[PDB]
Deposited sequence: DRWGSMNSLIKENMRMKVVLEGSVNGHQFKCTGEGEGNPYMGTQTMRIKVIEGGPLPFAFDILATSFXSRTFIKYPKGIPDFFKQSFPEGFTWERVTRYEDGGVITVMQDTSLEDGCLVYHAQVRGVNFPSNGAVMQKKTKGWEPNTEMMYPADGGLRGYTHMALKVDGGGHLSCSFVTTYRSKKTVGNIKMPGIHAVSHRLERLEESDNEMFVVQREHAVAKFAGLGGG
């Protein structure tokens, strides 16, 4: 397969949140067939970010989902060309973030480009005040949709003082394949656990890992 048991990734993610422009770069590796990955991320422009890095964390990798025998893997089948994803995330207190992402494969490395735009986060809220504490584990429902997939998520962002902020989104996953076939899965789910491993004081440097497993 073009997707090996060990694969490296690199990412450029840029955009703005509440008018604050930034750019990040990341690089990492994982085992796509075990659904595990780690990435090391630096804020290279606009730092220190005046908002929680957690709102960006889920924008930095669908090739690394452990899919059983019996659920077709849309993502791995999309190579060499790869896939795109487009997401809007809506937070219960009115933040909205739109993300556009491209996934390519270049010289044996997965290459990601993401653009993000967040607006209307309350200035006083946990995101803009940097009072968040990571994401609860969650399950994304995956639906077949006219040759692509729609993912649907309700996630809980932990906040200081024993709170959460709920958010939801729909993701549209599209293949870039111009030659060849894709076997489409049926409805399924993907269980995620996204963990912050390292961070610097002002989140200029973050290391995170994910474990993602598909199920019926």
Which bits of the deposited sequence have no atoms placed for their C-alpha? 1 to 7, 68, 225 to 230
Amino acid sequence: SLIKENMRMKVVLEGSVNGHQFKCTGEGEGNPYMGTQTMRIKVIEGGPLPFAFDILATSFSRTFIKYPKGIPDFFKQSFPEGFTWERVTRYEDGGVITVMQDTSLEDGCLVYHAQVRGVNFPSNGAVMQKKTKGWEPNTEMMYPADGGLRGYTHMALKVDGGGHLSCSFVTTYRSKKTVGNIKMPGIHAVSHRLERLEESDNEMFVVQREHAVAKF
From here on, numbers count along this sequence of modelled residues.
For the higher mean C-alpha B factor in the entry, choose 198 to 206 or 7 to 15. 198 to 206
Could you check which stretch, 115 to 123 or 141 to 149, carries the larger mean CA temperature factor in the entry? 115 to 123
Highest CA temperature factor in the entry: which of 71, 88, 100, 110? 88
Among 180, 162, 186, 35 - the residue whose C-alpha B-factor is largest in the record: 162
Determine, from the deposited record, the chain-internal third of the Cα B-factor for residue 176: lowest, middle or highest. lowest
Hey, what third does residue 31 fall into on Cα B-factor, ranked over its chain? middle
Taking the chain's C-alpha temperature factors as the reference, tell me which third residue 66 falls into: lowest, middle or highest. lowest
Can you tell me which third, lowest, middle or highest, the CA B-factor of residue 44 falls into for its chain? highest
Check where residue 168 lands among this chain's C-alpha B-factors and tell me if it's the lowest, middle or highest third. middle
